[PDB]
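Input: a single structure, listed below in structure tokens.
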Amino acid sequence: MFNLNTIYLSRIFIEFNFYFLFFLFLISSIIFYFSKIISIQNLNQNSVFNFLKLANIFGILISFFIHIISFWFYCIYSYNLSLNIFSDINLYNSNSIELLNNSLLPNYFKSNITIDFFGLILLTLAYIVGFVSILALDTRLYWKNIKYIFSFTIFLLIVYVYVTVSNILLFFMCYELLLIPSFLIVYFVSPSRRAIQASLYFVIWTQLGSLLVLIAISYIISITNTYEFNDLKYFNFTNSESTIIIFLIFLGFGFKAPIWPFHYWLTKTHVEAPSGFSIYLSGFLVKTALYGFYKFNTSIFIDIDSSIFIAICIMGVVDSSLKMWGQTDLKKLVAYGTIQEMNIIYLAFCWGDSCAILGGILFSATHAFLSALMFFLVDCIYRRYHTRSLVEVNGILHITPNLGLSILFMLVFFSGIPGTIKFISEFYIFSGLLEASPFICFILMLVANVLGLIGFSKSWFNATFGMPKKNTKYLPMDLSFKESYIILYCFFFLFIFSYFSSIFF
Amino acid sequence: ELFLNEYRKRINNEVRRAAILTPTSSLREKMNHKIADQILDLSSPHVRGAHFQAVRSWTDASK
Amino acid sequence: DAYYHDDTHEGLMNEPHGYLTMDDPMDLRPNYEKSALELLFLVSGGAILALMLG
Amino acid sequence: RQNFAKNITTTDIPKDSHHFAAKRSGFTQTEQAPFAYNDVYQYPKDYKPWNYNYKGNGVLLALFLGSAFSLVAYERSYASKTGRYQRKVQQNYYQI
Amino acid sequence: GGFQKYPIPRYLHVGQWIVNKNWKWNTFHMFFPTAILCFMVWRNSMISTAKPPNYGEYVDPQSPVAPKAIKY
Amino acid sequence: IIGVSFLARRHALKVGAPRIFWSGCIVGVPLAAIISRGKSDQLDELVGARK
Amino acid sequence: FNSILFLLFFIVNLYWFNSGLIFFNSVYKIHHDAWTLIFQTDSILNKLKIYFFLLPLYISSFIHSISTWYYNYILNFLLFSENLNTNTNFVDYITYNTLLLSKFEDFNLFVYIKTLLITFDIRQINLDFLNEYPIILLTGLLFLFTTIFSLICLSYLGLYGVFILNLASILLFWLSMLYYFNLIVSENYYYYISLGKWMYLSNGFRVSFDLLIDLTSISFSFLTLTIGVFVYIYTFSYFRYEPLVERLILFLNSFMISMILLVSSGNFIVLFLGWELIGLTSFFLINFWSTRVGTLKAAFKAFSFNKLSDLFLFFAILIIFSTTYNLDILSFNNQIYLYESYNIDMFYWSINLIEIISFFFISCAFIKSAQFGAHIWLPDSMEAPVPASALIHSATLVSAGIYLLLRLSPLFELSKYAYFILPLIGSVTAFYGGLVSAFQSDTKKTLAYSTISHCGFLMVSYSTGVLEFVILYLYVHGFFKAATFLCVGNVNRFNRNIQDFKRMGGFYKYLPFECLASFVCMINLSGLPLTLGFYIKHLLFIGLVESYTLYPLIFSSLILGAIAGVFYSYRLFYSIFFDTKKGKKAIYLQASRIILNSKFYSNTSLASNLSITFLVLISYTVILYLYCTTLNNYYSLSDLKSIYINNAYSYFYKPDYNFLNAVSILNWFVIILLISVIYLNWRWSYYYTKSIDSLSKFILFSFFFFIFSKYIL
Amino acid sequence: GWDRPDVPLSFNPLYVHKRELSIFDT
Ligand SMILES: CCCCCCCCCCCCCCCCCC(=O)OC[C@H](COP(=O)([O-])OCC(O)COP(=O)([O-])OC[C@@H](COC(=O)CCCCCCCCCCCCCCCCC)OC(=O)CCCCCCCCCCCCCCCCC)OC(=O)CCCCCCCCCCCCCCCCC
Ligand SMILES: CCCCCCCCCCCCCCCCCC(=O)OC[C@H](COP(=O)([O-])OCC(O)COP(=O)([O-])OC[C@@H](COC(=O)CCCCCCCCCCCCCCCCC)OC(=O)CCCCCCCCCCCCCCCCC)OC(=O)CCCCCCCCCCCCCCCCC
Ligand SMILES: CCCCCCCCCCCCCCCCCC(=O)OC[C@H](COP(=O)([O-])OCC[N+](C)(C)C)OC(=O)CCCCCCCCCCCCCCCCC
Ligand SMILES: CCCCCCCCCCCCCCCCCC(=O)OC[C@H](COP(=O)([O-])OCC[N+](C)(C)C)OC(=O)CCCCCCCCCCCCCCCCC
Ligand SMILES: CCCCCCCCCCCCCCCCCC(=O)OC[C@H](COP(=O)([O-])OCC[N+](C)(C)C)OC(=O)CCCCCCCCCCCCCCCCC
Ligand SMILES: CCCCCCCCCCCCCCCCCC(=O)OC[C@H](COP(=O)([O-])OCC[N+](C)(C)C)OC(=O)CCCCCCCCCCCCCCCCC
Ligand SMILES: CCCCCCCCCCCCCCCC(=O)OC[C@H](COP(=O)(O)O)OC(=O)CCCCCCCCCCCCCCC
């Protein structure tokens, strides 16, 4: 019963949501530039900053709704396309349906849009995490950094082109564009003075991996003059070229997606970055690397043993889990948790295009939401209690019961209770790893889910419980409606996404 | 591959149905029939339950 | 017990009290963060009901 | 800091002007001058700070209408899948 | 027996020695709707309930309800 | 159920009692119907009558 | 505008409409297709007469047509679908549908109203319907939702509101459980319920949320729920005048429902969910005193052990899923024998599949049952309030391993590791716990170590392999341990949170009910002759196997642990109640004031006394029912779904002279120990010589009484 | 009998640090 109307509606929605975002950004930027001689806030109720905040927030939100609709259309379209290809067995019949483009808006960068489930999951993560982070950064943007209210819109446009393109070069360029806005945010919006050095560490560490990926892309392009991302089927790389490409790709994308030993920059940046931008970084900016690694390694044929890469990922997991205990800083502890989860996700991609990719994608989504939740809780603690250190913070539950309850439920979700996409992703990865290498699976599970979990829980429980006798004149009140509903939405997603259609998982 | 996994799921469901319907007496006697042989014949080498990859030669994939 | 004090007379028995959140009940700001999050929740629920359920 | 205007015009702020009274006679040579504004916020009686104080049926009606639309949409979808203009209810339904 | 009662700040939403005057109506309006919800859940789940045969009943091996092996 | 829930919800509002549970009943009656009808329609053979 | 006039007109219209419906039905039956020939006759007079005399039918049909038209329009608007069947214009459609009266052919207003009224009639519900469909689910969901909503809405439900709401829910749940307990245990009734497709766990797999109400599940569920009802009734008095009583009550309810879900789990996913839930809720109960960080250390110890057990259980479930592409408990139990012969290739060793799976299961079971080595958390878990301690240590937290073994018994029957490990660890734990409890000085610590010893005995009973004996032991231990915990809680509350009986003395008069209740509960708990708790140890020794290599150590440890019960029971009872007054002068003086002399005078709660009394009565009745079901000549227990027969019942039905005389050794050991704890003097007293004389009199009289009874008659 | 003063703030005593919190004891 599938008809061409659904196909064209899917394509039109995907194409036009990008232009909706772009036109919103363009209008907002034109207003901002041409309303004032100097593009800084006027400290009065009639400033354009209020309009810009409104436009950014409710462009992201409306584009997120349209993205939900377009993602559902894509799911139907992909399912029915697979059915059309698979169903017919007659040799004379073949599915050759050709679509003509609309005459209203042009194709951005003269590229035909191609959408995949992983790309749309990444785009949904971008939308939601960007919404949370923009909601967080309101107190940070003041009177000279208001120009960074558009950072998340720029991120959304970059990610949209990144996930809706079938061109290798455009793919790589979109991946590399993410550096400038993130560096500028960390440099100009971070309150702490150590953020200045943290930004440089972030730039250099990420750029080393960017150069590695650039070398790999140069190898692919120079050898294969193609750029369509599908002509690689008709060209085979020799053993030496293939091993060089996989090594470069893995190391370069692991610089971004933190792997052992390349997580020093991540720890520094998470500790010294804005509490609202740490959410976006951990939640989304480390998963574009995973998506790019998946695309490249599934496109290239590799005839090498992945034991070395699996060992690197497992070593990162073990290192982060063991170090969890020794952190009294909640933000650094959450950063180590992010490193652990990202290393597990990266390990999920070490078997080419096997079924491990499904667990990897689900784990990427759950880690995004869980890291957003954890960093937002740390943000609330730091903002109301003027410290994010375990020695200075104690007995949160008895003065701010809602915040303590949020911490406890965050710990329960992090533990991986059944009924959560966290548990589902752990089940996928461990079920595969048990047959792949059962002893390695046992070691990984033991370390991560006992030693790292206990180290993680020690600090959070100590902060939540106790007796806050110190500085009774300065104790805060409670979570606000904004914070409470953000926490509730994170919990709601982590719980209900387990009912998403199992066809794609 | 999904169809072979579906065979395994169906035979498991049939075993559950047999367990509920038939009392423990004669249950194994009735299971030592087509059903037990099919359960063993649908083991991991023949159906990829939860393994990342079903290691199949090109001949097996063609079959 | 020997010297139990009734609630009507016990001066330290508490009736329900406290502020649910940190938002001021009487606030003159046209704040929209709460409305935005409520809209997000409602639209997500509506999308699930009207596109996914069943 | 905050730069919004307190004196809104959409409605008049509830207030009580009798709780605090300004002295206007019998001053001394060492007493400070009184205060000009002595109005305090007055909350509506029966307002409970520990819950949402929501008395509208809009949310319930929206959720119920969404559920009803979902039900009827599923009915139509099942009829379409079965290739019928409407569901063909059977005479007996068993557990499953 | 218990600890001596001490003042609790009004602004803080905590449960220390909280007693509600309208607890009777609150219980009435929290019990029955919960009972109806559970009744709906129960009747929904009963469609997928399984029970073994009764005392005087035997399962015919050739009846459709009897377990069936996969046919290759 | 729907009618009694509406009446009881009105009474709860009058006497200052919680009513989100009556709201849940009203909202979930159609949802319970959807779930039950979908479960019946699915061609899944649990222990019971064969399709 | 009069209400009376409106009602009268409505009644008249109803009667007229009913009469018209009956007339139309009769005419339609007579003229199935020819009714139109007379209804729609062209004659103006006949048309007017028909319309006037069927006006209620015509107006009703017009209203129905309008409603159907609007409904069809709404559906088309919402679904972008088709037309109103056809594209009939509004006027044509409404006229046609209003003139058409066949819609009333089978409709009678009185019959319809009667059907609507009888739809809700409760006379109809029957036992047979209940037997076909289990109402246990309806009540358990009621209890769960009550607890959750009460937690969320604390301000609405004060202390009294929370208590009454949860009391009603839990009472309904317990009554339904009691009704189905008789059917499940003896009548061979068990149910497999499914709520829906919970989650996707593979590329095309999806596990449903299913519950299994079988004999194995109900044995734990009814025990936990029965203990929890009275613990709930007792808590409102124990935490009397405390800042946070609602929090404790709701935590107890949460732990109860978590354990119920765990025991009545239909698949390994639900089992793992319940496992984690009991762990988390036990953590909260232990950490109830959140202000203190000393309590947090014990809570964190328990949390770490629980997480280790979760790791083991998760790994075992993963192995099972990898082997068989299924997580259903029944399917796994009925399939494991086929895969028994399989092995798993690990790092450098080829481990037997059954052995490794059973190893992980037994490890998690030992951790949660507080066996030797992994029991370190249980003594520290006593920081929880006494109701929470009783619930966790009686049948809720410390019996999770026993439930696992009973539910997956077909797996462990083919486990070499289980065969070697269960008896040895069980006996060692029994001996260790018994002796430590005997030498203990604190009431809660004594009960905790006694719980460890009884868990060891349960492990040894499972090793013997008589599931009926294991269930009987579990029931006896749970009931009487809970009752003793409640009694010591009252004692501690009177003694002002001092749990050591070195400061307790002469409490028999200040707590009369506690003294006698503790006497009964302790004589039953500690297996003593002529008590309900003697048979559990007797059956354990009947079933004990002798092919073990470490049988000497196993048997010696079992004997020592069994005898250890007497010392701790005697010490606890005597030191608490009838010893010299050792407590602070204030404890006695504050309660000895003459002003307090009244009909209401008591150092405990009347509700607490009634709760303890009812718990003891119901425990006696249930234990007797189980004894009749299992140990009677006519075996009437329901099927256990196990094909392993141990032959142990042979020495219960037809014991031989060898075994009959062997049991006498333990009987006389206990007798000598009783004589020691009674007649042995450790301090100088005015009654030293008279005590020795009484011992001599007792010995000589016993000899002569035996002589007369056996020979002289 | 006696009218007791309200529960002392002394019941929870503020803890004042007098020793360095070594990072080796984190
Ligand atoms: C302070 C918060 C702090 C948060 C931050 C911290 C977070 C971490 C720590 C957490 C712990 C601390 C916080 C807790 C204490 C809060 C204290 C407090 O604020 O007290 C006041 C608070 C509010 O009460 P109030 O202030 O006195 O009055 C509020 C108004 O009067 C009410 O006005 P009304 O009467 O007009 O009601 C409006 C509306 C309420 O409006 C909303 O909330 C909007 C919701 C939009 C959708 C968002 C996703 C929802 C996902 C499911 C969860 C539903 C919400 C329930 C809460 C979560 C679960 C506990 O009510 C309804 O109609 C309820 C129906 C909702 C169903 C919507 C389903 C959408 C689709 C979902 C996916 C598909 C499902 C398929 C199901 C198939 C069949 C099984 O106390 C409560 O009443 C607590 C209620 C708790 C939930 C139970 C009642 C609802 C049950 C709904 C149905 C489910 C039950 C079974 C149904 C079975 C049949 C289907
Ligand atoms: C283990 C972790 C556990 C964590 C959780 C622990 C427990 C936490 C408990 C505490 C927190 C949750 C429970 C309490 C939530 C608050 C409830 C409440 O009452 O708050 C009051 C709260 C504050 O009250 P307020 O300050 O007065 O604000 C009012 C609102 O702004 C607006 O109020 P309004 O009165 O203005 O109503 C506005 C309404 C307006 O409502 C209406 O308009 C309905 C009535 C008109 C119907 C249409 C008639 C058209 C023809 C005219 C007929 C004549 C006029 C009829 C109307 C007359 C006026 C009534 O508009 C909407 O709602 C728009 C929604 C539209 C999209 C969705 C529905 C449609 C779907 C598609 C339908 C298709 C079929 C229909 C087609 C129609 C034709 C195209 O208000 C609300 O309830 C707003 C809803 C959202 C509240 C927050 C929800 C949070 C949910 C958190 C869930 C977390 C789940 C975690 C699960 C974890 C599992 C592991
Ligand atoms: C060649 C064509 C070029 C087209 C250029 C487009 C020009 C855009 C100019 C924007 C001016 C914004 C200020 C208008 C005056 C607001 C007056 C006011 O506040 O009174 C309340 C009145 C009415 O309020 P109300 O109380 O009636 O609330 C209902 C609101 N509406 C009508 C929208 C349902 O005005 C508004 O509320 C309008 C708000 C405008 C700002 C919206 C911000 C969200 C993001 C969109 C911004 C525009 C970008 C383009 C669209 C998105 C991308 C497709
Ligand atoms: C981890 C180091 C610290 C972090 C920085 C990362 C730097 C290193 C990044 C990975 C580079 C690739 C290493 C693996 C190469 C595997 C293939 C191989 O060489 O085997 C012999 C290969 C494979 O041979 P084969 O035996 O498999 O098959 C071919 C055999 N013959 C030819 C005989 C038929 O043989 C070769 O052809 C030699 C290729 C050597 C290439 C070495 C230089 C690569 C230069 C480009 C990357 C430079 C990145 C620098 C980044 C900045 C550093 C500061
Ligand atoms: C559709 C079907 C039904 C849908 C319902 C979905 C329910 C989802 C879960 C809801 C959890 C609600 C928790 C509310 C906690 C409120 C605060 C509180 O209790 O006091 C905190 C106490 C003290 O709080 P306080 O007194 O300072 O403050 C209370 C008032 N507030 C919070 C608003 C300020 O602090 C703590 O020490 C933390 C204790 C947390 C205990 C959590 C136990 C949960 C147990 C649930 C068991 C459920 C079993 C499920 C079995 C089946 C599983 C499949
Ligand atoms: C050698 C023959 C073969 C058998 C080998 C085993 C020999 C017997 C070993 C018995 C060990 C009993 C240890 C009990 C420890 C109790 C600790 C306690 O609670 O505090 C003391 C409690 C008293 O607690 P109390 O609170 O009233 O006062 C304590 C006072 N202080 C602290 C000063 C000591 O009980 C006792 O004192 C009684 C134990 C001591 C007397 C032991 C007599 C043993 C008689 C053995 C008879 C054997 C019969 C033959 C058959 C045997 C084999 C089948
Ligand atoms: C032996 C058990 C002891 C403990 C019982 C505790 C109470 C359990 C709850 C009552 C039984 C419910 C299941 C009924 C099964 C059934 O349909 O049984 C069948 C009968 C009809 O018989 P038939 O279906 O065979 O024709 O059902 C009815 O008659 C329905 C009438 C209503 C029954 C009670 C509904 C309770 C739910 C809450 C109602 C709230 C009303 C409004 C309050 C404001």
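We place every Cβ from the backbone using ideal geometry, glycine too, and count neighbours over all the protein chains shown. Here, each number is a calculation from the coordinates, and none is a lab measurement.
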Checklist entry - Most exposed first by the Cβ proxy, i.e. fewest other Cβ within 10 Å, how do A:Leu358, C:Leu42, A:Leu446 rank? => result C:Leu42, A:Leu446, A:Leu358
Checklist entry - Under Stokes-Einstein, with the Kirkwood radius over Cα pairs standing in for Rh, what whole-number D in µm²/s applies to chain G at 4 °C and 1.567 mPa s? => result 43
Checklist entry - So what's the projected area for the stretch G:193-333, the Cα convex hull averaged over all directions, in nm²? => result 10.1
Item to check | Span from the the stretch G:90-159 Cα centroid across to the the stretch G:636-680 one, whole angstrom | outcome: 57
Next on the checklist: Over the Cα atoms of the stretch G:37-192, each weighted equally, I'd like the Debye log10 I(q)/I(0) at q = 0.12, 0.17, 0.18 Å⁻¹, rounded to two decimals.
Outcome noted: -0.82, -1.04, -1.10
Next on the checklist: If you average the alpha carbon positions of the stretch A:290-355 and of chain C, how far apart do those two centres end up, in angstrom?
Outcome noted: 41
Next on the checklist: Spelling out what I want: for every residue of the stretch C:2-11, take phi, set θ = phi - 60°, compute 6.51 cos²θ - 1.76 cosθ + 1.60 (Karplus), and round to whole Hz; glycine and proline get x.
Outcome noted: 5, 10, 5, 9, 5, 4, 4, 9, 6, x
Checklist entry - Which of G:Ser155, G:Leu172, G:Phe80 sits closest to the plus end of the dipole of the stretch G:62-194, meaning its Cα is farthest towards the positive end, when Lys and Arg get +1 and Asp and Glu get -1 on the C-beta? => result G:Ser155
Item to check | Cα principal axis extents for the stretch A:193-316, largest first, Å | outcome: 52, 30, 21
Checklist entry - Using the beta-carbon distance between G:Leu700 and G:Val663 and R0 = 25 Å, what value does 1/(1 + (r/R0)^6) give for FRET efficiency, to the nearest 0.05? => result 0.40
Next on the checklist: Stokes-Einstein diffusion coefficient for the stretch A:265-350 at 37 °C in a medium of 0.692 mPa s, Rh from the Kirkwood formula over Cα pairs: what value in µm²/s?
Outcome noted: 234
Item to check | Order of A:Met1, A:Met173, G:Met522, G:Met256 under a 10 Å beta carbon neighbour criterion, fewest first | outcome: A:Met1, A:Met173, G:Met522, G:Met256
Next on the checklist: Run the simple label-point estimate for F:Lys14 and D:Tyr52 please: 7 Å along Cα→C-beta, distance reported in nm.
Outcome noted: 2.3
Checklist entry - So what is the calculated 222 nm ellipticity per residue for the protein assembly as shown, using -39500 (n - 2.57) for each DSSP H run with n of 4 or more, over all residues, to the nearest 500 deg cm²/dmol? => result -20000 deg cm²/dmol
Next on the checklist: How large is log10 of I(q)/I(0) for chain E at q = 0.28 Å⁻¹ when the intensity is taken from the Debye formula with one equal scatterer per alpha-carbon?
Outcome noted: -1.23
Item to check | 37 °C / 0.692 mPa s Stokes-Einstein diffusion coefficient of the stretch A:248-391, Kirkwood radius on C-alpha pairs, µm²/s | outcome: 212
Item to check | Alpha-carbon spread of chain F, three principal axes, descending order, Å | outcome: 52, 15, 13
Checklist entry - Can you sort A:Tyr385, A:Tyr92 so the residue with the fewest Cβ neighbours within 10 Å comes first? => result A:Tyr92, A:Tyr385
Checklist entry - Between A:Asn42 and G:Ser43, what is the label-to-label distance in nm when each label sits 7 Å out along the Cα-to-Cβ direction? => result 9.0
Item to check | Beta bridges by DSSP in the protein assembly as shown, antiparallel share as percent, to the nearest 5 | outcome: 95
Next on the checklist: What Kirkwood Rh does chain A have if only Cα atoms enter the pairwise 1/r average? Answer in Å.
Outcome noted: 23.9
Checklist outcome for this item: Taking the alpha-carbon centre of each part, the distance from the stretch D:14-70 to the stretch G:1-65 in Å is 61
Checklist entry - Tell me, what is the percent relative contact order of chain A, built from C-alpha pairs under 8 Å that lie six or more residues apart? => result 13
Item to check | Quotient of C-alpha Rg and 2.2 N^0.38 Å, computed over the stretch G:569-695 | outcome: 1.73
Checklist outcome for this item: Mean per-residue count of partner chain Cβ within 10 Å for A:398-410 equals 2
Next on the checklist: Give me the percent relative contact order of chain G, please, defined on Cα pairs under 8 angstrom at least 6 residues apart.
Outcome noted: 10
Checklist entry - Full extension from G:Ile672 to G:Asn646: what is 0.36 nm times the residue separation minus their Cα-Cα distance, to one decimal in nm? => result 6.1 nm
Item to check | For peptides G:25-32, A:131-138, sequence by mean Cβ density within 10 Å, most packed first | outcome: A:131-138, G:25-32
Next on the checklist: How large is the Rg to Rh ratio of chain C when both quantities use alpha carbon positions and Rh follows Kirkwood?
Outcome noted: 1.36
Checklist entry - Rounded to two decimals, what ratio of Rg to Rh does the stretch G:465-518 give with C-alpha atoms and a Kirkwood Rh? => result 1.18
Checklist entry - Any idea which of G:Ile113, G:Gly506, G:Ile59 is furthest toward the positive side of the dipole for chain G, if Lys and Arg beta-carbons carry +1 and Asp and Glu beta-carbons -1? => result G:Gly506
Item to check | From phi via Karplus (6.51, -1.76, 1.60), per-residue ³J(HN,Hα) for the stretch A:167-184 in Hz, x at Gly/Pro | outcome: 10, 5, 5, 5, 4, 5, 5, 4, 4, 7, 5, 5, 5, 4, x, 5, 4, 4
Checklist entry - With the dipole of the stretch G:238-326 worked out from charges on the C-beta (+1 for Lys and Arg, -1 for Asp and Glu) around the Cα centre, which of G:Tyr241, G:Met259, G:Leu273 lies farthest toward the positive end? => result G:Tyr241
Checklist entry - Dividing the Cα radius of gyration by the Kirkwood radius, what Rg/Rh value follows for the stretch A:360-487? => result 1.06
Item to check | A:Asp303/C:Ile48 FRET efficiency (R0 41 Å; Cβ-Cβ; nearest 0.05) | outcome: 0.35
Checklist entry - So what is log10(I(q)/I(0)) for the stretch G:419-569 at q = 0.14 1/Å, when the Debye sum runs over its Cα atoms only? => result -0.65
Item to check | For chain D, projected area of the alpha-carbon convex hull averaged over all directions, nm² | outcome: 16.5
Checklist entry - Hey, with R₀ at 41 Å, roughly what FRET efficiency would A:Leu211 and H:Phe24 work out to, going by the Cβ-Cβ distance, to 0.05? => result 0.60
Checklist outcome for this item: Taking only the alpha carbons of the protein assembly as shown, the radius of gyration and the largest Cα-Cα distance, Dmax, both in angstrom, are 36.9, 126
Checklist outcome for this item: For the stretch G:65-201 the mean separation of alpha carbon contacts under 8 Å (6+ apart) over residue count, i.e. relative contact order in percent, is 17
